[PDB]
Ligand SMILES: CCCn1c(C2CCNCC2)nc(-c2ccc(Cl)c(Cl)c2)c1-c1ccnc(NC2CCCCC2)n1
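Below you will find one chain, with nothing else, as structure tokens; this is the form solved without the ligand, and questions on how it binds or moves follow later.
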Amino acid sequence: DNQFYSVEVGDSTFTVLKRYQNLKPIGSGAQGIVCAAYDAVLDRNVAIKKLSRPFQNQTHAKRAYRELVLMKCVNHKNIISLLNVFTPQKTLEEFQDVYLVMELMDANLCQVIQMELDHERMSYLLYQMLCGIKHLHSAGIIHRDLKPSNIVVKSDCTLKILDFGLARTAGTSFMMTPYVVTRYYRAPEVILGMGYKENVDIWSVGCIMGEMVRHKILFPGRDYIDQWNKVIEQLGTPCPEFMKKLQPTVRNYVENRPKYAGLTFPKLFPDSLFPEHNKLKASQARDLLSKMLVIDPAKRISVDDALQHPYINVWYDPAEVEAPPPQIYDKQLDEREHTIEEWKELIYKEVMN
């Protein structure tokens, strides 16, 4: 194809730029296929994600375009970024395929979970997580679906976040990975249907940090009813001021619950699971967990405050924390509608950009 070349990836074809060689499958939808590749120009490994049937239906087309627009609002090192987007077709008439090039990491948090870890590597990872999360929130993007499989890391302890504002899925994480369900890490206000805000991802991070320490999922609910039980059996029944905010019927069910008493955070996370001067850290860490793993969103720690926390504060770098997003996501897009062909163009222009 003059500037492109075909390569057979399973039952699928990848027509990519010549600069990308040694293509090989590492994940698979459903909604797309991801290949690890070598970028000759950059001398650097990349992840090439080919969207599957972005023009199949009006819904797919909206997702394809929306995904492009989302990664436009982001310019942070702790978040996955679009290294390149392209199509092997020459005109809008025959345009049908879209390819997304992203940085290729070595791992996701799941493979970190089982590792022993110390305070400097743990607190650093969390710091990056909070840095990437703040950037998203600044761009007007609240993740909500933060889980160890959509958080990727490299061997040099660098961290990036995947799948912000994507359905599950839809996104990149579902198609590959040691996969994990999002149910375990969703905040109370989400699962209880109360609506949410920025610090909904603070809960998520809380669940992730708890798993890093205990090397086991904190709230493995068989379903959302069981999920709620797991949460309250360990953290206790939330104050009345919280429950009054619930919807009528659900409020009663949750008020119908057996009043469980919360285990103390030193009990949930005994120093046994922790590692001397570096025992002040175990205090610092456990404390932080008591602010993130809060049921009431009003009584939960903010992203900003979490950055200021002694266990995290050691890493504070204003360049890493205050880096503004290139653009803010206009939510008035979600309610916009177009035909498949109209969507096809908006996407096409974005690619040729």
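Each residue number is its position in the shown sequence, starting from 1. Take the two forms, find the largest set of C-alpha atoms that superpose within 1.5 Å, and that set is the rigid core.
Of the other entries compared for this protein that flank it with modelled residues, a third or more give no atoms for residue 332. In the record comparison, residue 158 is modelled in each of the other entries of this protein that model the residues flanking it, with no third of them omitting it. In this entry, residue 275 is separated from residue 276 by 1 to 3 residues of the deposited sequence that have no coordinates. The PDB entry reports B-factors from which the mean C-alpha value can be compared for 249-257 and 127-135; the larger average falls on 249-257.
Here 108-116 and 141-149 are compared by their mean Cα B-factor, and 108-116 comes out higher. Across 158, 204, 173, 87, the greatest Cα temperature factor reported in the deposited entry is at 173. Annotation for 267, 76, 72, 186: 267 ranks highest, by Cα B-factor. Split the chain's modelled residues into thirds by C-alpha temperature factor. Residue 226 is in the middle one. Residue-level temperature factors show residue 92 in the highest third of its chain, judged at the C-alpha atom. Annotation for residue 103: C-alpha temperature factor in the middle third relative to the rest of the modelled chain, per the entry.
Annotation for residue 320: CA B-factor lies in the highest third of the chain's modelled residues.
Split the chain's modelled residues into thirds by C-alpha temperature factor. Residue 215 is in the middle one.
The following text describes the form deposited with the ligand bound, which does not appear among the structures shown.
Although the chain is displayed without it, the ligand can be placed by superposition from its pose in the bound PDB entry; doing so yields three or more atoms within 2.4 Å of backbone or C-beta atoms, and the site is blocked. Note on the interface: of 316-324, 42-50, 299-307, 284-292, the segment with non-hydrogen atoms within 4.5 angstroms of the ligand in the bound PDB entry is 42-50. The closest heavy atom approach of residue 199 to the ligand in the bound PDB entry falls outside 4.5 Å. Under a 4.5 angstroms non-hydrogen atom cutoff, the ligand in the bound PDB entry lacks residue 70 among its neighbouring residues. Among heavy atoms of residue 150, some come within 4.5 Å of the ligand in the bound PDB entry. Heavy atoms of residue 105 reach within 4.5 Å of the ligand in the bound PDB entry, making it an interface residue.
Proximity to the ligand in the bound PDB entry, defined as a heavy atom within 4.5 Å, singles out one entry of 131, 100, 205, 187, which is 100. In summary, among the residues 231, 136, 80, 126, the only one with a non-hydrogen atom within 4.5 Å of the ligand in the bound PDB entry is 80. Shown here without the ligand, the chain has 26, 27, 28, 29, 34 in 1-39 lying with a heavy atom within 4.5 Å of that partner in the bound PDB entry. After superposing the rigid core, the C-alpha of residue 293 moves by less than 2 Å between this form and the one not shown. Relative to the superposed rigid core, residue 252 undergoes a CA displacement smaller than 2 Å between this form and the one not shown.
Here residue 87 counts as shifted, since its C-alpha moves by at least 2 Å between this form and the one not shown after the core is aligned.
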